[PDB]
Structure formats: C-alpha cells, structure tokens
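Enquirer: This is upload_19.json (JSON, C-alpha atoms (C1' of nucleotides)).
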[["chain", "number", "residue", "atom", "x", "y", "z"],
["H", 3, "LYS", "CA", 43.42, 172.41, 118.73],
["H", 4, "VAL", "CA", 43.21, 168.63, 118.91],
["H", 5, "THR", "CA", 39.58, 169.13, 117.90],
["H", 6, "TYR", "CA", 40.96, 170.02, 114.48],
["H", 7, "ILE", "CA", 43.45, 167.15, 114.69],
["H", 8, "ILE", "CA", 41.10, 164.30, 115.59],
["H", 9, "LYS", "CA", 38.36, 165.93, 113.52],
["H", 10, "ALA", "CA", 40.73, 166.36, 110.58],
["H", 11, "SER", "CA", 41.90, 162.75, 110.94],
["H", 12, "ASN", "CA", 38.22, 161.62, 110.87],
["H", 13, "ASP", "CA", 38.41, 160.46, 114.51],
["H", 14, "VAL", "CA", 41.01, 157.73, 113.91],
["H", 15, "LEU", "CA", 43.02, 159.07, 116.85],
["H", 16, "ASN", "CA", 42.68, 160.00, 120.50],
["H", 17, "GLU", "CA", 44.04, 163.02, 122.34],
["H", 18, "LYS", "CA", 47.25, 161.32, 123.51],
["H", 19, "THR", "CA", 48.54, 160.60, 120.02],
["H", 20, "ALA", "CA", 47.02, 163.93, 118.96],
["H", 21, "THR", "CA", 49.33, 166.01, 121.15],
["H", 22, "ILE", "CA", 52.14, 163.51, 120.54],
["H", 23, "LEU", "CA", 51.45, 164.04, 116.83],
["H", 24, "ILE", "CA", 51.73, 167.79, 117.45],
["H", 25, "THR", "CA", 55.09, 167.07, 119.09],
["H", 26, "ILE", "CA", 56.35, 164.89, 116.22],
["H", 27, "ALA", "CA", 55.25, 167.35, 113.55],
["H", 28, "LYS", "CA", 56.47, 170.15, 115.82],
["H", 29, "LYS", "CA", 60.17, 169.26, 115.63],
["H", 30, "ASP", "CA", 61.59, 167.09, 112.87],
["H", 31, "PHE", "CA", 63.24, 163.75, 113.74],
["H", 32, "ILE", "CA", 63.09, 164.30, 117.49],
["H", 33, "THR", "CA", 63.73, 161.49, 119.98],
["H", 34, "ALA", "CA", 60.88, 159.69, 121.70],
["H", 35, "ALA", "CA", 62.54, 160.46, 125.04],
["H", 36, "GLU", "CA", 61.78, 164.12, 124.39],
["H", 37, "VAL", "CA", 58.22, 163.08, 123.55],
["H", 38, "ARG", "CA", 57.92, 161.28, 126.88],
["H", 39, "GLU", "CA", 59.60, 164.29, 128.48],
["H", 40, "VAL", "CA", 56.96, 166.71, 127.19],
["H", 41, "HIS", "CA", 54.32, 164.08, 128.01],
["H", 42, "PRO", "CA", 54.90, 163.29, 131.71],
["H", 43, "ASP", "CA", 51.19, 162.52, 132.08],
["H", 44, "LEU", "CA", 51.56, 159.53, 129.74],
["H", 45, "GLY", "CA", 53.45, 156.36, 130.50],
["H", 46, "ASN", "CA", 56.46, 155.13, 128.59],
["H", 47, "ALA", "CA", 54.55, 152.33, 126.87],
["H", 48, "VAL", "CA", 51.58, 154.70, 126.58],
["H", 49, "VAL", "CA", 53.65, 157.05, 124.42],
["H", 50, "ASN", "CA", 55.16, 153.97, 122.76],
["H", 51, "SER", "CA", 51.61, 152.68, 122.25],
["H", 52, "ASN", "CA", 50.61, 155.93, 120.54],
["H", 53, "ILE", "CA", 53.72, 155.75, 118.38],
["H", 54, "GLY", "CA", 52.61, 152.16, 117.83],
["H", 55, "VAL", "CA", 49.39, 153.65, 116.44],
["H", 56, "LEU", "CA", 51.13, 156.18, 114.18],
["H", 57, "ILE", "CA", 53.60, 153.54, 112.98],
["H", 58, "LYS", "CA", 50.59, 151.21, 112.74],
["H", 59, "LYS", "CA", 48.91, 153.84, 110.59],
["H", 60, "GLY", "CA", 52.27, 154.44, 108.89],
["H", 61, "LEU", "CA", 52.11, 158.20, 109.45],
["H", 62, "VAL", "CA", 55.09, 158.69, 111.76],
["H", 63, "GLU", "CA", 58.11, 156.54, 111.02],
["H", 64, "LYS", "CA", 61.77, 156.21, 111.94],
["H", 65, "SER", "CA", 64.93, 157.42, 110.27],
["H", 66, "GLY", "CA", 67.31, 155.35, 112.30],
["H", 67, "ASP", "CA", 66.42, 157.21, 115.48],
["H", 68, "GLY", "CA", 64.27, 159.55, 113.39],
["H", 69, "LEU", "CA", 60.60, 160.24, 114.05],
["H", 70, "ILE", "CA", 58.56, 162.22, 111.52],
["H", 71, "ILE", "CA", 55.14, 162.24, 109.85],
["H", 72, "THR", "CA", 54.49, 161.66, 106.15],
["H", 73, "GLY", "CA", 52.73, 163.93, 103.69],
["H", 74, "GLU", "CA", 49.23, 162.59, 104.30],
["H", 75, "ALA", "CA", 49.44, 163.33, 108.02],
["H", 76, "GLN", "CA", 50.95, 166.64, 106.91],
["H", 77, "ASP", "CA", 47.74, 167.21, 104.97],
["H", 78, "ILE", "CA", 45.82, 166.39, 108.13],
["H", 79, "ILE", "CA", 47.82, 169.07, 109.96],
["H", 80, "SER", "CA", 47.36, 171.62, 107.17],
["H", 81, "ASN", "CA", 43.63, 170.92, 107.11],
["H", 82, "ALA", "CA", 43.66, 171.33, 110.89],
["H", 83, "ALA", "CA", 45.25, 174.77, 110.59],
["H", 84, "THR", "CA", 42.88, 175.42, 107.69],
["H", 85, "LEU", "CA", 39.79, 174.88, 109.84],
["H", 86, "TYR", "CA", 41.61, 176.63, 112.68],
["H", 87, "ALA", "CA", 41.88, 179.56, 110.29],
["H", 88, "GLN", "CA", 38.19, 179.22, 109.44],
["H", 89, "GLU", "CA", 37.14, 179.31, 113.09],
["H", 90, "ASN", "CA", 39.93, 180.98, 115.08],
["H", 91, "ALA", "CA", 41.92, 183.30, 112.78],
["H", 92, "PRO", "CA", 39.29, 184.45, 110.27],
["H", 93, "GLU", "CA", 40.90, 187.63, 108.94],
["H", 94, "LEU", "CA", 44.28, 185.90, 108.67],
["H", 95, "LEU", "CA", 42.63, 183.88, 105.91],
["H", 96, "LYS", "CA", 42.10, 186.85, 103.59],
["H", 97, "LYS", "CA", 42.96, 188.05, 100.09],
["H", 98, "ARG", "CA", 44.10, 191.37, 98.61],
["H", 99, "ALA", "CA", 43.58, 192.98, 95.20],
["H", 100, "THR", "CA", 44.28, 190.99, 92.04],
["H", 101, "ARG", "CA", 45.52, 192.28, 88.69],
["H", 102, "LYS", "CA", 43.44, 191.63, 85.56],
["H", 103, "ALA", "CA", 45.82, 192.79, 83.80],
["H", 104, "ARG", "CA", 45.46, 194.38, 80.40],
["H", 105, "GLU", "CA", 42.41, 195.98, 78.75],
["H", 106, "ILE", "CA", 41.90, 196.42, 75.00],
["F", 1, "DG", "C1'", 55.62, 211.17, 114.17],
["F", 2, "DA", "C1'", 55.42, 211.71, 109.08],
["F", 3, "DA", "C1'", 56.58, 209.67, 104.26],
["F", 4, "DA", "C1'", 59.37, 207.76, 100.46],
["F", 5, "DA", "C1'", 60.89, 203.40, 99.42],
["F", 6, "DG", "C1'", 61.76, 198.86, 98.82],
["F", 7, "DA", "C1'", 60.43, 193.95, 99.54],
["F", 8, "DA", "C1'", 56.47, 189.89, 99.93],
["F", 9, "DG", "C1'", 53.32, 188.20, 97.56],
["F", 10, "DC", "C1'", 49.88, 187.79, 94.15],
["F", 11, "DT", "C1'", 48.98, 188.22, 89.07],
["F", 12, "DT", "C1'", 50.03, 188.31, 83.69],
["F", 13, "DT", "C1'", 52.63, 187.28, 79.22],
["F", 14, "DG", "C1'", 55.53, 186.91, 75.46],
["F", 15, "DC", "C1'", 58.25, 183.33, 74.49],
["F", 16, "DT", "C1'", 59.55, 178.41, 74.28],
["F", 17, "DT", "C1'", 59.20, 173.75, 73.82],
["F", 18, "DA", "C1'", 57.73, 169.18, 74.15],
["F", 19, "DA", "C1'", 53.93, 166.29, 72.61],
["F", 20, "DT", "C1'", 51.66, 164.93, 68.67],
["F", 21, "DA", "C1'", 49.12, 165.06, 63.99],
["F", 22, "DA", "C1'", 50.57, 164.64, 59.10],
["F", 23, "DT", "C1'", 53.21, 163.18, 55.21],
["F", 24, "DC", "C1'", 56.58, 161.34, 52.53],
["F", 25, "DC", "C1'", 59.99, 158.65, 51.48],
["F", 26, "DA", "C1'", 63.64, 155.15, 52.05],
["F", 27, "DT", "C1'", 63.37, 150.33, 51.93],
["F", 28, "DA", "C1'", 62.19, 145.73, 51.20],
["F", 29, "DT", "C1'", 60.43, 142.41, 48.46],
["F", 30, "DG", "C1'", 59.10, 140.26, 44.79],
["F", 31, "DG", "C1'", 58.44, 139.80, 40.12],
["F", 32, "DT", "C1'", 60.08, 139.73, 35.66],
["F", 33, "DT", "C1'", 62.24, 140.23, 31.94],
["F", 34, "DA", "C1'", 61.73, 134.40, 27.04],
["F", 35, "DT", "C1'", 66.56, 134.35, 19.90],
["F", 36, "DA", "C1'", 71.26, 132.96, 21.60],
["F", 37, "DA", "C1'", 75.16, 133.53, 24.92],
["F", 38, "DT", "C1'", 78.35, 126.22, 27.61],
["F", 39, "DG", "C1'", 85.54, 125.09, 31.91],
["F", 40, "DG", "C1'", 89.80, 130.86, 35.79],
["F", 41, "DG", "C1'", 93.65, 133.13, 36.98],
["F", 42, "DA", "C1'", 97.53, 134.65, 39.55],
["F", 43, "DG", "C1'", 100.28, 131.32, 40.23],
["F", 44, "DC", "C1'", 106.83, 133.38, 41.87],
["F", 45, "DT", "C1'", 110.17, 131.97, 39.86],
["F", 46, "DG", "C1'", 116.90, 135.11, 43.61],
["F", 47, "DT", "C1'", 116.72, 131.52, 50.54],
["F", 48, "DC", "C1'", 117.80, 128.43, 53.72],
["F", 49, "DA", "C1'", 119.33, 125.19, 57.07],
["F", 50, "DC", "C1'", 117.63, 121.64, 59.46],
["F", 51, "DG", "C1'", 114.46, 117.92, 60.17],
["F", 52, "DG", "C1'", 111.18, 114.52, 60.50],
["F", 53, "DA", "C1'", 107.74, 112.16, 58.01],
["F", 54, "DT", "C1'", 106.67, 109.85, 54.25],
["F", 55, "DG", "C1'", 108.08, 107.07, 50.46],
["F", 56, "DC", "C1'", 110.06, 103.57, 47.79],
["F", 57, "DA", "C1'", 112.98, 99.36, 47.33],
["F", 58, "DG", "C1'", 115.46, 95.13, 47.64],
["F", 59, "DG", "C1'", 117.12, 91.15, 50.67]]
Take the structure from the file and write it as structure tokens.

Expert:
Amino acid sequence: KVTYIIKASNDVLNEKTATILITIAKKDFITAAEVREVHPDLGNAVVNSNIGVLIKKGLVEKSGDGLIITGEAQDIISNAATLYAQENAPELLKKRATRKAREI
DNA sequence: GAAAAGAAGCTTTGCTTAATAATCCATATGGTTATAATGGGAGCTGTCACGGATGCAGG
C-alpha cells in the first residue's frame, strides 16, 4: 500500500503524508478538514505539516480551497499501482491475443 | 442453465497531410550603350460684392 507509495516516491515521504496523499489523490479538490476528519490520529498542524511537505514538494497544491496532486505525483501513484499489480494482482496485469494482421 | 450477440479493447491500414528537399524564376542592380540631337504649356477669357492691404503721390 504505502510501501508502494513511499517506495515509488523514492522514500521522500513518510506514512502520514502517504495516506494523506492517498486521500488527496482519492477525491479531487477536497477540503483539508475532510483530510483531518479521515485522519483523527494526526494533529491539525500534523496534517498541515504533511500538506506543508506536499506543497513544499509542489505535488499537492491549492485551487482557491482546492487540494490536488500534479502529474508527477500522479506518475508516482500509477507506478505504485503498477508494482501493486506486479506483486498483488498478477493476473490482472495480463494481455490477450493480438492481430498480425494480413499475410501475403 | 444454455447460446447468440453485441460491446471493450487491442490491433492494422489505406488515405492524408504537413514537413522538407529541390528548382526555378522574379527581381534587383548595375553596367552600358560613344556621329549629332541645346529654353514648356495650358494658361480662361461670361461673376461678384465687399474689403482690407498695399501702393503711389503731393503738400
């Protein structure tokens, strides 16, 4: 899960901003009060510190009240589900028959 | 519960078309012409009433 996140980010993160990053990429332009709501274990300035890291890294930014990742963090998520497909859903990553097509 | 049937999701593929090599052609530029060749032309012609600025002149 966050193994693929922090591993896919080359360990630039910790688990707090990992699951917060799952929350931000999970619903587009959500409020940080919902982030603190689904993270009751973390403090208000702990969540705001982790958003200070993602803003500090420039991944998650605002749109007025908006909160969303950029495309590079999106590539980190898609690599995370890629390795999650390599190790957790192996037959989901498959391929069917391919047409040639035409023969002389 | 089977079985045709139609979509999701891959591919090709004949056609197009935009990028780019090739070529040719307008265009500029300059040169170069060795007998001699010596002051233009429409100007309107039938306003006109005022008016102010020159303009000239004698006391």

Enquirer: I'd like a table as a Markdown table: residues in chain F with an atom no more than 8 Å from chain H, each row giving the shortest atom pair and its distance in Å to one decimal, all atoms listed in the file counted, sorted by chain and rising residue number.

Expert:
| residue | atom | partner | partner_atom | distance |
| --- | --- | --- | --- | --- |
| F:10 | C1' | H:100 | CA | 6.8 |
| F:11 | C1' | H:101 | CA | 5.3 |
| F:12 | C1' | H:103 | CA | 6.1 |

Enquirer: Would you mind reading off the distance between atom CA of residue 23 of chain H and atom CA of residue 62 of chain H, one decimal, in Å?

Expert: 8.2 Å

Enquirer: Here is a test: counting all atoms listed in the file, which residue of H:75, H:35, H:24, H:8 is nearest to residue 63 of chain H?

Expert: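 Of the candidates, the smallest distance to residue 63 of chain H is held by H:75.
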
Enquirer: Figure out the distance between atom CA of residue 77 of chain H and atom CA of residue 12 of chain H, please, to one decimal in Å.

Expert: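 It comes out at 12.5 Å.
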
Enquirer: Quick one: distance from atom CA of residue 4 of chain H to atom CA of residue 34 of chain H in Å, one decimal?

Expert: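 Result for atom CA of residue 4 of chain H versus atom CA of residue 34 of chain H: 20.0 Å, one decimal.
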
Enquirer: The residues within 12 Å of (50.8, 154.8, 121.2), using only C-alpha atoms (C1' of nucleotides) and the coordinates of the file, should be reported as a list in words; which are they?

Expert: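 Residues found, by chain and rising number: residues 15, 16, 17, 18, 19, 20, 21, 22, 23, 34, 37, 38, 44, 45, 46, 47, 48, 49, 50, 51, 52, 53, 54, 55, 56, 57, 58, 59 and 62 of chain H.
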
Enquirer: If we count all atoms listed in the file, what is near segment 78-80 of chain H at a cut-off of 7 Å, once residues fewer than 3 positions away on the same chain are taken out, given as a list in words?

Expert: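 So, after excluding close chain neighbours, the residues are residues 7, 10, 11, 74, 75, 83 and 84 of chain H.
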